[PDB]
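Since the structure comes first, as structure tokens, the remarks are kept for the end.
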Amino acid sequence: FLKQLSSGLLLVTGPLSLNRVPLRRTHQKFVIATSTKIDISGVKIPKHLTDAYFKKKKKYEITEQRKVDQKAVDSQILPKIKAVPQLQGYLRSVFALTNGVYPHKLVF
Amino acid sequence: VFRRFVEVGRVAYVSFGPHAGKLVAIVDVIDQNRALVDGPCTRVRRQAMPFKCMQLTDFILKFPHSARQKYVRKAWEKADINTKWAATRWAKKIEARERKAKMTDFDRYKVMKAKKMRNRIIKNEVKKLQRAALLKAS
Amino acid sequence: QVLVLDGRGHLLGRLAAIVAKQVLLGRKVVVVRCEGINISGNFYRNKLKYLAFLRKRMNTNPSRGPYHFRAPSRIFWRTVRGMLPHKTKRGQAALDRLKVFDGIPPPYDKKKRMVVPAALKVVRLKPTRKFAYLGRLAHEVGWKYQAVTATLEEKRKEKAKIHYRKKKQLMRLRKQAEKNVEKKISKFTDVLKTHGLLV
Amino acid sequence: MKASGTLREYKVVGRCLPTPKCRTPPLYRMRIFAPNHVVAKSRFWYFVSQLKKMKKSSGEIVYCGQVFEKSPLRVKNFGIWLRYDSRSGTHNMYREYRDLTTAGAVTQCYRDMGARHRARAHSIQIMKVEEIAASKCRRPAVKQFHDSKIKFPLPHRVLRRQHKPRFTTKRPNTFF
Amino acid sequence: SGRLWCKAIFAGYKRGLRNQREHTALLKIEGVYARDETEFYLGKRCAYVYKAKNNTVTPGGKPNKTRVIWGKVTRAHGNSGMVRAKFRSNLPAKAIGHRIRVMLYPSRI
RNA sequence: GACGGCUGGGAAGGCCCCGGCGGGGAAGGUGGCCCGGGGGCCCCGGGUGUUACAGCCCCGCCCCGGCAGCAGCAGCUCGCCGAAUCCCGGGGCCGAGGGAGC
RNA sequence: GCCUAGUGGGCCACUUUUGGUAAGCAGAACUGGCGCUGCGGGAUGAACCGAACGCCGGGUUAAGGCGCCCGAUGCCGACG
RNA sequence: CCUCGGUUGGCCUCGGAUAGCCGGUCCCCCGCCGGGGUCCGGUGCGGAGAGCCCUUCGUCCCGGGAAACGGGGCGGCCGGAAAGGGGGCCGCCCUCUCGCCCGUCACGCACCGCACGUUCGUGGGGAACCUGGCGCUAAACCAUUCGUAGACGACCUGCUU
Ligand SMILES: [Mg+2]
Ligand SMILES: [Mg+2]
Ligand SMILES: [Mg+2]
Ligand SMILES: [Mg+2]
Ligand SMILES: [Mg+2]
Ligand SMILES: [Mg+2]
Ligand SMILES: [Mg+2]
Ligand SMILES: [Mg+2]
Ligand SMILES: [Mg+2]
């Protein structure tokens with residue numbers, strides 16, 4: 001997670017070099033917030049990455065601007081991910097429920 | 001053969017109730033199923049506590065059967081039960097249960113990968129010892 | 001997916017209540033070793049209870065009357081059926097989810113059996129109260145396969161001891177293997193010790 | 001009275017209404033063991049109406065207060081003199097208890113009478129409760145705890161939390 | 001890649017003894033055996049997934065045989081972790097004892 | 001999560017014999033001493049007795065002794081409360097009405 | 001104030017009460033019920049307990065309950 | 001292609017005692033490695049079901065760790081009847097140094113916030129067409145007969161060495 005947008009949607013990227021999740025909106029009632037964190041105080045989010053930017057338009061292709069914005073945020077947030085050990089693999093993994101593992105008991 | 005006896009000065013571990021997870025000293029017995037206890041170093045006020053919620057430990061203080069809280073604390077901090085209780089395997093397998101309770105998702109991922117390795121490194125040498133038994137049994 | 005319960009040391013109605021609730025909540029249950037179920041009260045009292053059960057029959061046609069099954073498996077089955085709403089389709093499906101056995105048959109002897117502490121004799125009865133054995137009650141009321149079940153049970157137990165001795169040899173080999181490789185697993189043992197999975 | 005929960009002891013002081021005959025009536029103090037002060041004042045009017053010729057209409061209550069135990073950390077022996085109605089006859093008793101509070105002692109007496117004698121709280125009258133020293137006790141179930149170096153184990157520890165897994169593999173340990 | 005829903009059982013309708021209220025369902029969630037544990041699941045969405053004979057359209061997909069009665073958790077039911085849930089259509093009584101997926105995403109944490 | 005009132009202007013309890021200086025007392029009798037036996041000086045028995053090599057109970061103020069604190073930071077030793085009471089958060093159900101004007 | 005239908009076989013219960021050995025018997029008083037009335041509870045049930053009813057959603061209760069049938073203690077419930 | 005649907009990682013196992021258990025151990029004493037006395041640990045069971053195993057986004061470069069005795073796969077031996085073992089093991093003429101962990105390096109429909117997703121699943125059942133090999137060419141009933149049988153059915157019998 002990076003920044004809350006002006007419509008309340010959560011601007012997010014778990015980086016495309018790890019997740020195949022781009023710069024994208026999500027919704028806070030539909031995401032689980034784990035208590036593992038990266039300091040992104042020095043991260044310049046571009047000012048134009050807004051809800052008007054992320055709104056669906058109308059056969060879908062990534063524009064060159066959307067290609068270069070994902071790089072411009074990944075080249076900054078990725079050295080912060082790789083400076084804490086095993087978090088890149090942690091983000092590469094997906095979350096799944098298995099036997100005996102109950103969500104009211106697991107603390108995230 | 002019983003080893004743990006309810007007596008004046010036995011440290012008991014409180015299993016449930018409002019003072020669970022704590023250590024008390026049995027100061028006196030009232031009747032069949034209730035004892036005046038007192039934890040002056042584990043923050044438990046002197047009170048009647050039933051026997052079914054305390055679990056007896058292998059620690060016996062020496063104080064009289066009507067001596068007050070400060071003599072109980074004198075015996076407790078002279079015997080150093082706050083460190084001798086922690087040195088036992090009982091408190092270590094309590095705090096291991098606490099740590100597995102406090103595991104976060106990143107913690108569970110790192111545990112999964114480290115255990116994924118440790119089991120395979122042991123598992124190869126287990127079979128290595130097995131065929132080192134069959135090749136040396138003949 | 002199957003709940004396999006060792007019937008030894010359990011009380012009949014307590015186990016049958018818990019099994020009836022599980023097969024209503026939709027879990028296939030296999031209760032093995034039903035001759036090891038205990039019944040509270042003295043044996044003469046329990047024997048005359050089942051003798052009063054036997055005295056009941058349809059006076060005009062006992063072949064239509066109440067079927068007094070003699071095997072401990074079928075007696076336990078009848079208690080669960082009396083605890084189930086067996087005259088509806090949900091009740092019949094609940095009963096059909098439940099299997100009962102005498103001894104521990106070959107599907108379930110190479111399987112771990114569960115125990116219910118809320119139905120156990122040692123938990124649920126005072127130690128001075130006299131109990132009875134379902135196998136002995138069953139045999140003395142007309143079950144014929146008590147001795148052969150006992151012979152097959154000692155035949156199963158003597159192989160279970162073989163499996164147990166091999167399991168112990170494997171686990172001591174596991175312990176020698178840990179003390180062998182405690183140089184190259186020491187950087188991975190500390191993770192499991194800091195997160196409380198080992199000590 | 002329905003002896004609900006832990007009883008509380010109340011000092012209830014009452015008197016008659018001052019008539020032109022009796023310009024200031026004498027004041028009567030009673031210790032009532034009751035669930036709350038409303039029940040305490042009602043039992044006070046019961047007992048005072050039984051002892052004197054004084055009613056709630058002709059009388060008043062000038063004080064009703066819970067009397068706290070002066071030593072609720074000290075184990076004491078309690079002697080309770082009792083009057084109760086059985087199914088046939090009325091009996092005087094004396095019973096002995098062990099507790100930290102005299103209100104806990106009286107409610108222990110009420111549940112004990114309900115257990116041993118099938119007697120409900122409406123048929124039981126406390127007459128006197130006194131903290132008795134250990135030498136002057138007459139009941140061996142109280143007197144057996146009068147030992148300085150007392151020592152007993154907990155022999156057959158039954159498994160409580162019978163439904164924590166409800167389906168475990170390992171049969172329980174009851175020795176500890 | 002893996003399971004994302006909790007397992008629950010359609011234990012029955014909200015009922016007394018002789019009056020069952022079909023509009024409210026009683027769920028038994030696996031792992032919840034106390035009323036204190038129910039506080040996570042209150043408000044969560046629950047799905048009765050079932051297959052039928054004719055195909056129906058799948059959102060974000062091609063038509064197949066799976067069909068869903070959607071619902072959500074409203075309140076706990078009793079001390080032992082059973083839960084009351086309300087669905088869009090009242091659940092069929094053929095589903096009693098069968099599985100209801102309890103989704104994770106009316107997230108509160 | 002935070003505040004306050006009342007009570008026996010809470011009761012007990014905590015710290016400074018570890019409250020000071022005195023006076024006693026007895027036991028569910030601590031040291032000692034005596035008896036008895038069980039071990040390798042120690043423990044458990046039985047007796048005696050008043051502090052000693054534990055404790056308990058009854059100028060107690062030597063300004064209610066002096067301090068904390070106070071119906072007590074667990075998220076429990078025992079209450080009744082709130083003009084002496086407020087803040088914050090979560091779950092569920094529902095959106096009737098349709099020209100209010102300025 | 002007028003017109004007026006139906007009714008003019010009753011039965012049950014706390015308390016009082018007469019005859020009778022007694023009766024799910026016969027006869028009165030007071031009040032409440034049933035008849036005329038479903039509903040929750042007493043397994044079942046004219047009368048008992050709770051409560052009286054338009055068609056529904058949420059909440060909460062009464063009397064009853066909470067091993068399983070069967071909703072609810074699967075409380076590490078208290079003392080016997 | 002229909003249709004029936006449920007399901008959404010497995011646990012491959014001492015006997016049991018509960019005023020007692022569990023695991024190692026020889027200097028022992030008995031038996032065909034099994035049992036007991038001795039000793040050592042453990043016991044609110046951590047040789048723990050408050051558990052264990054597996055754990056999956058995928059691919060590309062190069063490095064370290066672990067592995068090398070390994071990973072994948074054709075010919076033999078053991079293992080099972082209460083409702084029978086799909087396992088362990090012997091070699092093979094093959095192939096790789098990958099799999100697992102910590103890193104370097106980028107990539108992929110990034111489908112633009114959204115739901116039945118993700119398995120067990122070459123699931124069971126049903127018909128049908130392909131498409132190659134090994135094969136195998138039957139009874140039941142009626143009818144007739146019998147009378148050890150019989151109301152009728154049924155039953156018992158015979159019908160080319
Ligand atoms: Mg009459
Ligand atoms: Mg009549
Ligand atoms: Mg009529
Ligand atoms: Mg009327
Ligand atoms: Mg009515
Ligand atoms: Mg009845
Ligand atoms: Mg009434
Ligand atoms: Mg309603
Ligand atoms: Mg009932």
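Each chain of the structure tokens is named A, B, ... in the order shown, its residues numbered from 1; ligands are numbered from 1 in display order.
Assigned to strand (DSSP E or B) in stretch 88-128 of chain D, given DSSP computed from backbone atoms, are residues 90, 91, 92, 93, 94, 95, 96, 97, 98, 99, 124, 125, 126, 127 and 128 of chain D.
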May I have the residues within 9 Å of ligand 1, computed using only C-alpha atoms (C1' of nucleotides) and all ligand atoms, as a list in words?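 What falls inside 9 Å of ligand 1 is residues 25, 26 and 27 of chain G.
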Just need the residues of chain D within 10 Å of chain F, counting only C-alpha atoms (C1' of nucleotides), so spit them out as a list in words. residues 8, 65, 66, 67, 68, 69, 70, 71, 72, 73, 101, 134, 135, 143, 144, 145, 146, 147, 148, 149 and 150 of chain D
What is the distance, in Å and to one decimal place, between atom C1' of residue G:43 and atom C1' of residue G:72?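 Computed distance, atom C1' of residue G:43 to atom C1' of residue G:72, equals 18.0 Å.
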Hey, what's within 8 Å of residue E:80 if we count only C-alpha atoms (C1' of nucleotides) and toss same-chain stuff fewer than 6 positions away? As number ranges by chain, please? E: 32-35; G: 74
Need the shell around residue F:52: protein/DNA/RNA residues with any atom at most 12 Å away, counting only C-alpha atoms (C1' of nucleotides). Skip same-chain ones fewer than 3 positions apart. Format as a PDB file with N, CA and C atoms (P, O5', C5', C4', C3', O3' and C1' of nucleotides), in the first residue's frame?
```pdb
ATOM      1  P     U F  30       5.705 -25.372  65.751  1.00  0.00           P
ATOM      2  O5'   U F  30       6.911 -24.458  65.270  1.00  0.00           O
ATOM      3  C5'   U F  30       6.705 -23.452  64.295  1.00  0.00           C
ATOM      4  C4'   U F  30       7.821 -22.442  64.304  1.00  0.00           C
ATOM      5  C3'   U F  30       9.151 -22.927  64.837  1.00  0.00           C
ATOM      6  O3'   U F  30       9.875 -23.682  63.885  1.00  0.00           O
ATOM      7  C1'   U F  30       8.665 -20.784  65.717  1.00  0.00           C
ATOM      8  P     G F  31      11.078 -24.626  64.361  1.00  0.00           P
ATOM      9  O5'   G F  31      12.343 -23.657  64.377  1.00  0.00           O
ATOM     10  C5'   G F  31      13.433 -23.894  65.252  1.00  0.00           C
ATOM     11  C4'   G F  31      13.927 -22.615  65.874  1.00  0.00           C
ATOM     12  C3'   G F  31      14.979 -22.779  66.952  1.00  0.00           C
ATOM     13  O3'   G F  31      16.280 -22.919  66.412  1.00  0.00           O
ATOM     14  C1'   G F  31      13.305 -21.275  67.689  1.00  0.00           C
ATOM     15  P     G F  32      15.855 -26.326  67.003  1.00  0.00           P
ATOM     16  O5'   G F  32      16.275 -25.750  68.428  1.00  0.00           O
ATOM     17  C5'   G F  32      17.481 -25.019  68.595  1.00  0.00           C
ATOM     18  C4'   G F  32      17.517 -24.322  69.931  1.00  0.00           C
ATOM     19  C3'   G F  32      17.543 -25.238  71.142  1.00  0.00           C
ATOM     20  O3'   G F  32      18.851 -25.679  71.456  1.00  0.00           O
ATOM     21  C1'   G F  32      15.850 -23.628  71.426  1.00  0.00           C
ATOM     22  P     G F  49       4.837 -25.582  80.004  1.00  0.00           P
ATOM     23  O5'   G F  49       5.598 -24.396  79.255  1.00  0.00           O
ATOM     24  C5'   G F  49       6.755 -23.774  79.809  1.00  0.00           C
ATOM     25  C4'   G F  49       7.548 -23.007  78.770  1.00  0.00           C
ATOM     26  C3'   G F  49       6.969 -21.659  78.362  1.00  0.00           C
ATOM     27  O3'   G F  49       8.026 -20.765  78.030  1.00  0.00           O
ATOM     28  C1'   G F  49       7.017 -23.108  76.481  1.00  0.00           C
TER      29        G F  49
END
```
If the limit is 12 Å from any atom of ligand 4, counting only C-alpha atoms (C1' of nucleotides) and all ligand atoms, which residues qualify? Return them as a list in words.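 Written in the requested form, the residues are residues 32, 33, 34, 35, 36, 37 and 52 of chain G.
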Since we have the selection now, will you write its residues out, keeping N, CA, C and O atoms (P, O5', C5', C4', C3', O3' and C1' of nucleotides), as a PDB file, in the first residue's frame?
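Result written to again_6.pdb:
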```
ATOM      1  P     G G  32     -63.953 -11.183  37.176  1.00  0.00           P
ATOM      2  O5'   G G  32     -62.883 -12.123  36.476  1.00  0.00           O
ATOM      3  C5'   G G  32     -61.497 -11.931  36.702  1.00  0.00           C
ATOM      4  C4'   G G  32     -60.718 -13.175  36.384  1.00  0.00           C
ATOM      5  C3'   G G  32     -61.018 -13.800  35.042  1.00  0.00           C
ATOM      6  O3'   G G  32     -60.366 -13.127  33.985  1.00  0.00           O
ATOM      7  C1'   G G  32     -60.978 -15.479  36.693  1.00  0.00           C
ATOM      8  P     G G  33     -60.766 -13.430  32.465  1.00  0.00           P
ATOM      9  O5'   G G  33     -59.840 -14.662  32.078  1.00  0.00           O
ATOM     10  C5'   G G  33     -60.192 -15.521  31.013  1.00  0.00           C
ATOM     11  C4'   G G  33     -59.985 -16.968  31.371  1.00  0.00           C
ATOM     12  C3'   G G  33     -60.580 -17.957  30.391  1.00  0.00           C
ATOM     13  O3'   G G  33     -59.726 -18.181  29.289  1.00  0.00           O
ATOM     14  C1'   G G  33     -61.149 -18.581  32.604  1.00  0.00           C
ATOM     15  P     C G  34     -60.254 -17.975  27.794  1.00  0.00           P
ATOM     16  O5'   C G  34     -60.889 -19.380  27.433  1.00  0.00           O
ATOM     17  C5'   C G  34     -60.143 -20.569  27.589  1.00  0.00           C
ATOM     18  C4'   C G  34     -61.049 -21.764  27.645  1.00  0.00           C
ATOM     19  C3'   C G  34     -62.150 -21.812  26.604  1.00  0.00           C
ATOM     20  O3'   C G  34     -61.724 -22.270  25.337  1.00  0.00           O
ATOM     21  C1'   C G  34     -63.050 -22.316  28.715  1.00  0.00           C
ATOM     22  P     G G  35     -62.379 -21.665  24.002  1.00  0.00           P
ATOM     23  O5'   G G  35     -63.933 -21.956  24.150  1.00  0.00           O
ATOM     24  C5'   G G  35     -64.456 -23.248  23.896  1.00  0.00           C
ATOM     25  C4'   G G  35     -65.893 -23.348  24.327  1.00  0.00           C
ATOM     26  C3'   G G  35     -66.883 -22.601  23.462  1.00  0.00           C
ATOM     27  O3'   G G  35     -67.257 -23.377  22.345  1.00  0.00           O
ATOM     28  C1'   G G  35     -67.303 -22.130  25.736  1.00  0.00           C
ATOM     29  P     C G  36     -67.611 -22.700  20.944  1.00  0.00           P
ATOM     30  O5'   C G  36     -66.801 -21.340  20.937  1.00  0.00           O
ATOM     31  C5'   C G  36     -66.640 -20.641  19.716  1.00  0.00           C
ATOM     32  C4'   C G  36     -66.034 -19.274  19.889  1.00  0.00           C
ATOM     33  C3'   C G  36     -64.742 -19.186  20.694  1.00  0.00           C
ATOM     34  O3'   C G  36     -63.877 -18.251  20.055  1.00  0.00           O
ATOM     35  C1'   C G  36     -66.322 -17.672  21.550  1.00  0.00           C
ATOM     36  P     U G  37     -63.355 -18.489  18.552  1.00  0.00           P
ATOM     37  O5'   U G  37     -61.841 -18.029  18.605  1.00  0.00           O
ATOM     38  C5'   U G  37     -60.831 -18.826  18.002  1.00  0.00           C
ATOM     39  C4'   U G  37     -59.669 -19.063  18.932  1.00  0.00           C
ATOM     40  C3'   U G  37     -59.868 -20.162  19.974  1.00  0.00           C
ATOM     41  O3'   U G  37     -58.621 -20.802  20.222  1.00  0.00           O
ATOM     42  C1'   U G  37     -59.408 -18.128  21.055  1.00  0.00           C
ATOM     43  P     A G  52     -50.434  -9.322  26.592  1.00  0.00           P
ATOM     44  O5'   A G  52     -51.389  -9.544  25.350  1.00  0.00           O
ATOM     45  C5'   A G  52     -52.652 -10.151  25.525  1.00  0.00           C
ATOM     46  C4'   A G  52     -52.895 -11.170  24.457  1.00  0.00           C
ATOM     47  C3'   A G  52     -53.494 -10.659  23.172  1.00  0.00           C
ATOM     48  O3'   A G  52     -52.525 -10.038  22.355  1.00  0.00           O
ATOM     49  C1'   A G  52     -54.520 -12.694  23.814  1.00  0.00           C
TER      50        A G  52
END
```
Within 10 Å of residue D:157, counting only C-alpha atoms (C1' of nucleotides), which residues show up once you throw out same-chain ones fewer than 5 positions away? Write them as a ChimeraX atom specification, please. /B:52 /C:123 /D:173-176 /H:18
Could you make a table, as JSON lines, of the residues of chain E that have an atom within 12 Å of an atom of ligand 9, each with its nearest atom pair and distance in Å to one decimal, counting only C-alpha atoms and all ligand atoms, in chain and number order?
```
{"residue": "E:16", "atom": "CA", "partner": "ligand 9", "partner_atom_place_in_ligand_line": "1 (Mg)", "distance": 10.0}
{"residue": "E:17", "atom": "CA", "partner": "ligand 9", "partner_atom_place_in_ligand_line": "1 (Mg)", "distance": 7.9}
{"residue": "E:18", "atom": "CA", "partner": "ligand 9", "partner_atom_place_in_ligand_line": "1 (Mg)", "distance": 10.9}
```
Pick out the chain D residues within 10 Å of chain H. Count only C-alpha atoms (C1' of nucleotides). Give them as a PDB file with N, CA, C and O atoms, in the first residue's frame.
```pdb
ATOM      1  N   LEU D 154      -3.789 -33.093  45.451  1.00  0.00           N
ATOM      2  CA  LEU D 154      -5.044 -33.098  44.714  1.00  0.00           C
ATOM      3  C   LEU D 154      -5.048 -34.363  43.870  1.00  0.00           C
ATOM      4  O   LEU D 154      -4.469 -34.392  42.775  1.00  0.00           O
ATOM      5  N   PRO D 155      -5.668 -35.437  44.355  1.00  0.00           N
ATOM      6  CA  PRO D 155      -5.351 -36.788  43.879  1.00  0.00           C
ATOM      7  C   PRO D 155      -5.795 -37.131  42.469  1.00  0.00           C
ATOM      8  O   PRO D 155      -4.986 -37.577  41.651  1.00  0.00           O
ATOM      9  N   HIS D 156      -7.074 -36.930  42.180  1.00  0.00           N
ATOM     10  CA  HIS D 156      -7.686 -37.348  40.927  1.00  0.00           C
ATOM     11  C   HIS D 156      -8.157 -36.072  40.244  1.00  0.00           C
ATOM     12  O   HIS D 156      -9.306 -35.656  40.399  1.00  0.00           O
ATOM     13  N   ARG D 157      -7.257 -35.446  39.498  1.00  0.00           N
ATOM     14  CA  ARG D 157      -7.556 -34.173  38.852  1.00  0.00           C
ATOM     15  C   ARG D 157      -8.387 -34.422  37.601  1.00  0.00           C
ATOM     16  O   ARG D 157      -7.851 -34.818  36.563  1.00  0.00           O
ATOM     17  N   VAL D 158      -9.699 -34.199  37.706  1.00  0.00           N
ATOM     18  CA  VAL D 158     -10.593 -34.426  36.579  1.00  0.00           C
ATOM     19  C   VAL D 158     -10.305 -33.405  35.491  1.00  0.00           C
ATOM     20  O   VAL D 158      -9.919 -32.260  35.767  1.00  0.00           O
ATOM     21  N   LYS D 164     -12.330 -28.602  24.793  1.00  0.00           N
ATOM     22  CA  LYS D 164     -11.401 -27.679  24.160  1.00  0.00           C
ATOM     23  C   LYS D 164     -11.051 -28.184  22.760  1.00  0.00           C
ATOM     24  O   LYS D 164     -11.216 -27.406  21.809  1.00  0.00           O
ATOM     25  N   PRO D 165     -10.591 -29.462  22.522  1.00  0.00           N
ATOM     26  CA  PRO D 165     -10.661 -29.932  21.133  1.00  0.00           C
ATOM     27  C   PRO D 165     -11.998 -30.552  20.755  1.00  0.00           C
ATOM     28  O   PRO D 165     -12.442 -30.423  19.605  1.00  0.00           O
ATOM     29  N   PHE D 167     -12.215 -33.505  20.208  1.00  0.00           N
ATOM     30  CA  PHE D 167     -11.746 -34.672  19.465  1.00  0.00           C
ATOM     31  C   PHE D 167     -10.225 -34.577  19.467  1.00  0.00           C
ATOM     32  O   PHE D 167      -9.639 -33.979  18.565  1.00  0.00           O
ATOM     33  N   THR D 168      -9.603 -35.171  20.471  1.00  0.00           N
ATOM     34  CA  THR D 168      -8.156 -35.244  20.554  1.00  0.00           C
ATOM     35  C   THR D 168      -7.715 -36.677  20.309  1.00  0.00           C
ATOM     36  O   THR D 168      -8.527 -37.602  20.320  1.00  0.00           O
ATOM     37  N   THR D 169      -6.428 -36.851  20.001  1.00  0.00           N
ATOM     38  CA  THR D 169      -5.838 -38.181  19.902  1.00  0.00           C
ATOM     39  C   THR D 169      -5.477 -38.781  21.243  1.00  0.00           C
ATOM     40  O   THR D 169      -5.733 -39.968  21.464  1.00  0.00           O
ATOM     41  N   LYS D 170      -4.880 -37.999  22.125  1.00  0.00           N
ATOM     42  CA  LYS D 170      -4.239 -38.522  23.312  1.00  0.00           C
ATOM     43  C   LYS D 170      -5.247 -38.565  24.444  1.00  0.00           C
ATOM     44  O   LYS D 170      -5.941 -37.580  24.705  1.00  0.00           O
ATOM     45  N   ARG D 171      -5.343 -39.722  25.090  1.00  0.00           N
ATOM     46  CA  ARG D 171      -6.158 -39.839  26.281  1.00  0.00           C
ATOM     47  C   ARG D 171      -5.526 -39.034  27.415  1.00  0.00           C
ATOM     48  O   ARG D 171      -4.301 -38.920  27.494  1.00  0.00           O
ATOM     49  N   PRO D 172      -6.342 -38.432  28.277  1.00  0.00           N
ATOM     50  CA  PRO D 172      -5.820 -37.444  29.222  1.00  0.00           C
ATOM     51  C   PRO D 172      -5.037 -38.043  30.376  1.00  0.00           C
ATOM     52  O   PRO D 172      -5.212 -39.195  30.772  1.00  0.00           O
ATOM     53  N   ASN D 173      -4.162 -37.209  30.920  1.00  0.00           N
ATOM     54  CA  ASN D 173      -3.498 -37.451  32.186  1.00  0.00           C
ATOM     55  C   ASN D 173      -4.351 -36.831  33.285  1.00  0.00           C
ATOM     56  O   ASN D 173      -4.804 -35.691  33.149  1.00  0.00           O
ATOM     57  N   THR D 174      -4.588 -37.578  34.360  1.00  0.00           N
ATOM     58  CA  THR D 174      -5.220 -37.011  35.541  1.00  0.00           C
ATOM     59  C   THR D 174      -4.284 -36.962  36.740  1.00  0.00           C
ATOM     60  O   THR D 174      -4.642 -36.374  37.763  1.00  0.00           O
ATOM     61  N   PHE D 175      -3.101 -37.557  36.645  1.00  0.00           N
ATOM     62  CA  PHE D 175      -2.082 -37.417  37.672  1.00  0.00           C
ATOM     63  C   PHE D 175      -1.242 -36.198  37.339  1.00  0.00           C
ATOM     64  O   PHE D 175      -0.878 -35.992  36.179  1.00  0.00           O
ATOM     65  N   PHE D 176      -0.918 -35.407  38.352  1.00  0.00           N
ATOM     66  CA  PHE D 176      -0.073 -34.236  38.157  1.00  0.00           C
ATOM     67  C   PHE D 176       0.884 -34.066  39.337  1.00  0.00           C
ATOM     68  O   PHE D 176       0.556 -34.434  40.467  1.00  0.00           O
TER      69      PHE D 176
END
```
For a test of reading the model, state the distance in Å between atom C1' of residue G:63 and atom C1' of residue G:51, rounded to one decimal.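 Distance reported for this atom pair: 8.9 Å.
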Report as a PyMOL selection string the set of chain B residues whose atoms approach chain G to within 12 Å, with distances computed over only C-alpha atoms (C1' of nucleotides). chain B and resi 14-17+20+31-34+50+52-54
Can I get the selected residues back with N, CA and C atoms, as a PDB file, in the first residue's frame?
```
ATOM      1  N   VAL B  14      -1.686 -20.309  38.334  1.00  0.00           N
ATOM      2  CA  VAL B  14      -3.115 -20.086  38.164  1.00  0.00           C
ATOM      3  C   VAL B  14      -3.488 -20.365  36.714  1.00  0.00           C
ATOM      4  N   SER B  15      -4.353 -21.354  36.510  1.00  0.00           N
ATOM      5  CA  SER B  15      -4.718 -21.780  35.169  1.00  0.00           C
ATOM      6  C   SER B  15      -5.797 -20.908  34.550  1.00  0.00           C
ATOM      7  N   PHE B  16      -6.904 -20.691  35.252  1.00  0.00           N
ATOM      8  CA  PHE B  16      -7.959 -19.850  34.719  1.00  0.00           C
ATOM      9  C   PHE B  16      -8.438 -18.905  35.802  1.00  0.00           C
ATOM     10  N   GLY B  17      -9.454 -18.128  35.454  1.00  0.00           N
ATOM     11  CA  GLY B  17      -9.922 -17.066  36.300  1.00  0.00           C
ATOM     12  C   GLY B  17      -9.337 -15.747  35.856  1.00  0.00           C
ATOM     13  N   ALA B  20      -5.130 -15.585  35.626  1.00  0.00           N
ATOM     14  CA  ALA B  20      -4.511 -16.683  34.903  1.00  0.00           C
ATOM     15  C   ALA B  20      -3.151 -16.270  34.354  1.00  0.00           C
ATOM     16  N   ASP B  31     -10.983 -24.591  53.245  1.00  0.00           N
ATOM     17  CA  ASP B  31     -11.796 -25.795  53.296  1.00  0.00           C
ATOM     18  C   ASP B  31     -11.313 -26.733  52.191  1.00  0.00           C
ATOM     19  N   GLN B  32     -12.167 -27.695  51.815  1.00  0.00           N
ATOM     20  CA  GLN B  32     -11.811 -28.772  50.890  1.00  0.00           C
ATOM     21  C   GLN B  32     -11.313 -28.250  49.547  1.00  0.00           C
ATOM     22  N   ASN B  33     -11.827 -27.107  49.101  1.00  0.00           N
ATOM     23  CA  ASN B  33     -11.659 -26.698  47.717  1.00  0.00           C
ATOM     24  C   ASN B  33     -11.360 -25.211  47.576  1.00  0.00           C
ATOM     25  N   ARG B  34     -10.657 -24.624  48.542  1.00  0.00           N
ATOM     26  CA  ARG B  34     -10.384 -23.194  48.514  1.00  0.00           C
ATOM     27  C   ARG B  34      -9.204 -22.875  49.420  1.00  0.00           C
ATOM     28  N   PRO B  50      -9.877 -20.951  44.439  1.00  0.00           N
ATOM     29  CA  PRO B  50     -10.208 -22.377  44.483  1.00  0.00           C
ATOM     30  C   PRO B  50      -9.058 -23.226  43.979  1.00  0.00           C
ATOM     31  N   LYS B  52      -9.183 -25.773  41.974  1.00  0.00           N
ATOM     32  CA  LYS B  52      -9.322 -26.310  40.628  1.00  0.00           C
ATOM     33  C   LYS B  52      -8.686 -25.397  39.585  1.00  0.00           C
ATOM     34  N   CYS B  53      -8.415 -24.140  39.932  1.00  0.00           N
ATOM     35  CA  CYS B  53      -7.852 -23.195  38.979  1.00  0.00           C
ATOM     36  C   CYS B  53      -6.372 -22.945  39.197  1.00  0.00           C
ATOM     37  N   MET B  54      -5.802 -23.440  40.288  1.00  0.00           N
ATOM     38  CA  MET B  54      -4.371 -23.352  40.503  1.00  0.00           C
ATOM     39  C   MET B  54      -3.747 -24.694  40.166  1.00  0.00           C
TER      40      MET B  54
END
```
